[PDB]
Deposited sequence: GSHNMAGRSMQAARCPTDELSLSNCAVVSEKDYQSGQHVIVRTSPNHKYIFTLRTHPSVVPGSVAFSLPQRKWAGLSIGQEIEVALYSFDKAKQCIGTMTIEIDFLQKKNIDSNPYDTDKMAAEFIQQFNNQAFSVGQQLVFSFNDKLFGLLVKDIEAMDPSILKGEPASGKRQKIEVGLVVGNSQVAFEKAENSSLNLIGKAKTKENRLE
């Protein structure tokens, strides 16, 4: 796994896993929580955090539609996957800016959405996972689906006992998230976790 191995891209097994933004794998190949770099070509590499599920066939990695559309993956294609280790002294996320909008135009409404509650739920759901600038994913908040786009990521400060922009980082328990609606969005955001 450290050297990297060939795998086949598959479809995400459950709706719940689809919302986790994790790449899903067999317990026979990896352990949940590990991170990997997925290679589709010399110029295209993407970092994902893994979660196991009993239904995944060994030798394959399952991705959700949003992940497939961001990394440019096709079901059934061959990919190379290698274990990735973050340098936590430099890559833990201090602040991240995320563009948000309703995922389904059918379900758009003018009601207020509390960004402070959204930011808290975001951390509760994605802590200890990799995010890259430009990455697209879906976020379920209060039974409503939203589309997210990572616009910016800044590394965290050292602890008290002891701002750089980064392309990829690890969301941790004390990371801060700020939301901004997409241009021409009718999304009504309230609260202080904005901009």
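A.B. asks: Can you give me the gaps, meaning deposited-sequence stretches with no C-alpha coordinates, in sequence order?
C.D. replies: Model skips 1-3, 166-172, 206-211 of the deposited chain.
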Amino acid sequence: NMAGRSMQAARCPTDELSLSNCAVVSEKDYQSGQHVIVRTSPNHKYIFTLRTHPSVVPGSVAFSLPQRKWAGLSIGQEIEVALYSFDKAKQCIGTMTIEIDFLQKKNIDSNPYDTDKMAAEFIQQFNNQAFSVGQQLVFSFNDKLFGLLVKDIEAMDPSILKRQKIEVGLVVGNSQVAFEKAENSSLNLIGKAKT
From here on, numbers count along this sequence of modelled residues.
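A.B. asks: Output the stretch having the higher mean C-alpha B factor in the entry; the candidates are 123-131 and 151-159.
C.D. replies: The deposited B-factors put 151-159 ahead on the C-alpha mean.
A.B. asks: Of 72-80 and 105-113, which one has the bigger average CA B-factor?
C.D. replies: Higher mean C-alpha B-factor: 105-113.
A.B. asks: Which is it among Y30, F63, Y46, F141: the one with the largest CA B-factor in the entry?
C.D. replies: That would be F141, according to the entry.
A.B. asks: For the chain shown, is the CA B-factor of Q34 in the lowest, middle or highest third of its modelled residues?
C.D. replies: For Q34, the deposited C-alpha B-factor lands in the lowest third.
A.B. asks: State the tercile, meaning the lowest, middle or highest third, of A182 with respect to the CA B-factors recorded for its chain.
C.D. replies: Answer is highest: the recorded C-alpha B-factor places it there.
A.B. asks: What third of its chain, lowest, middle or highest, does the C-alpha temperature factor of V57 fall into?
C.D. replies: Lowest third, going by the recorded CA B-factors of the chain.
A.B. asks: For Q164, return the chain-relative third of its C-alpha B-factor as stated in the PDB record: lowest, middle or highest.
C.D. replies: Its C-alpha B-factor belongs to the highest third of this chain's values.
A.B. asks: Looking at the entry's B-factor column for C-alpha atoms only, identify whether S175 ranks in the lowest, middle or highest third of its chain.
C.D. replies: Middle third.
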